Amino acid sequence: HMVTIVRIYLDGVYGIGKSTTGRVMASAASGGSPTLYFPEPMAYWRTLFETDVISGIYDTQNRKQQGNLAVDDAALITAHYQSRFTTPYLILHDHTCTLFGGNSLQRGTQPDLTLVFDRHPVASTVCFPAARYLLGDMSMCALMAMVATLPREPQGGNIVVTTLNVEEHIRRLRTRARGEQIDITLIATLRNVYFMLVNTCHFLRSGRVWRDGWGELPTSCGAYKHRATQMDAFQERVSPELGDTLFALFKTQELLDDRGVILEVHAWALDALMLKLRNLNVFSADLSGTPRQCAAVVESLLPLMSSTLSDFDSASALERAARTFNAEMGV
């Protein structure tokens, strides 16, 4: 008994609908075949240790403004809690990775098993870090630090970057939290970072590498940074330029030598990013309709996705991992 598994990482900017979405896809209410959902590791972040890292992050963007903590220092304290967000993702990823199996193909069929992970390690190792850096809240050096910890995606992974029109995105961000300030720049920049990420996988699928069109590309400075904070600045592109992708932000003096050439060690890092994101078959989804509709939109690009071949012990082991994960990541 071999099993055909398809794994989906649902990802994108927060407050868009994605968690409702996967949670619906998982629930017995959608039909199709067995669908297991791995939720966000909330408990890990909030209750399992003395410090609640979400409550800590913003607590520091407050302090840094409230004229009470060195601006230099909140860039370190925040860098740190950004690190803490990654941990449970890396643990999950380590545990699940042996079990997905091999023989990744686009089979066209329905799989015996469907997994939906709420977010891929890329979100908290590259994307959120990249955004905090563009906002000046975190240094290049520190972005490097985090990007370096992204694990290699094994074969057959599928990442669906969820999207939404801005209007509606603001409506759903008020319905959830008010009192506290929403942070419209973080949202604007994250929207851009996620487009950049999507562009990046399309870039790689098109067979290019980060060196291609690197010389031509302009150095990326205050001007380029600020632009990533503006809304709509970037968008999905099936044939992107280098500058439409995540690599563009790494061309800065910080990483360049006396004559404008990127250091070999830094090229190595850009190399590793490109390696790690390569087994990630990229898709988009607009989360405009109702949770049930959103679900069927994700479920509709199932025939396009990458399936693996697993043995019946591991299937079982993933389902156990599913049960446990939902259980302990509780609240």
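Quick note: we count residues from 1 along the sequence shown, nothing fancier.
K.L.:
Where both flanking residues are modelled in the other PDB entries compared, is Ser33 itself missing in a third or more?
P.N.:
Yes, left without coordinates in at least a third.
K.L.:
Looking at the other compared entries that model both neighbours, is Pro88 missing coordinates in at least a third of them?
P.N.:
No, modelled in all of them.
K.L.:
Our gap detector needs a label for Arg178 to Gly179. Which class matches the unmodelled residues of the deposited sequence there: none, 1 to 3, 4 to 9, or 10 or more?
P.N.:
In the deposited sequence, 1 to 3 residues between these two have no coordinates.
K.L.:
May I ask you to compare 120 to 128 and 200 to 208 by their mean CA B factor in the entry and name the higher one?
P.N.:
The stretch with the larger mean CA B-factor is 120 to 128.
K.L.:
Once you work out the mean C-alpha B-factor for both 246 to 254 and 140 to 148 from the entry, which is higher?
P.N.:
Comparing 140 to 148 with 246 to 254, the higher average CA B-factor belongs to 246 to 254.
K.L.:
Select lowest, middle or highest to describe the third in which the CA B-factor of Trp268 falls within its chain in this entry.
P.N.:
Its C-alpha B-factor belongs to the lowest third of this chain's values.
K.L.:
Relative to the other modelled residues in the chain, which third contains the C-alpha temperature factor of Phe312: lowest, middle or highest?
P.N.:
Answer is highest: the recorded C-alpha B-factor places it there.
K.L.:
Thinking about Cα B factors across the chain, which third does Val6 belong to?
P.N.:
Lowest third, going by the recorded CA B-factors of the chain.
K.L.:
Thinking about Cα B factors across the chain, which third does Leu280 belong to?
P.N.:
Bottom third by C-alpha B-factor.
K.L.:
Based on the entry's values, in what third of the chain does the Cα temperature factor of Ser220 lie: lowest, middle or highest?
P.N.:
CA B-factor rank for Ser220: highest third.
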